[PDB]
């Protein structure tokens, strides 16, 4: 996240950290995700696309740091890894970029509620906040586009939703952004999501609930002028989600 504050998981108790094992001994961070229900985490298909071997990914809930433990965290294996059929990538956009991970712990249970583990709410069929709403994104991604390491402490920031009209202006992204995508930027292009933030949540409030409005998907550069971050529009995938949960 460029800009932002450092936070602890108590402020995003539904945030999930997905790592990949290299039996060589190391585990690396892959992307972020969100807990929908006790056993399901949602993230972005492009995070798994190149190496869809579920057996090698680990998911942690209640983690405030990237490579050090947090007390209260839970670790799970991925029981099911559902990527979206019709996912596509072009010179910038990722289409149908949402993924579901069914988790199971070594004891055979799913997430349990605590002060560091909570689920986030889903929106209702094609129900979104209006552009202008300020939402928050969270994650362990880069702090500057030139960095080559990720922060060790979780970060969070606030970004505002912009309209498609604004985001599809030719000097922004043109028709690369569809109606199954959402754009969010900072008025002063000072904070944004970035490499390593893929899969995490864009939470806005809808009807009185903190709702998972978008999934960090792509962006040209990070905190660049006229280059909003693009998120998958969860409200447009509700049936897809239902058909698998």
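Numbering follows the first chain given and starts at 1.
Higher average CA B factor: 184-192, of the stretches 59-67 and 184-192. Per-stretch averaging of Cα B factors for 135-143 and 73-81 places 73-81 on top. Of the residues listed, 9, 224, 234, 230, the entry assigns the biggest Cα temperature factor to 224.
For the set 43, 37, 28, 213, the PDB entry puts the maximum C-alpha B factor at 28.
Compared with the other modelled residues of the chain, the Cα B-factor recorded for residue 152 ranks in the lowest third.
Ranked by C-alpha B-factor against the other modelled residues of its chain, residue 122 falls in the highest third. For residue 172, the recorded CA temperature factor ranks within the lowest third of the chain's modelled residues. Remark: residue 102 belongs to the middle third of its chain, ranked by C-alpha B-factor as recorded. Ranked against the other modelled residues of its chain, the C-alpha B-factor of residue 49 as given in the entry falls in the highest third.
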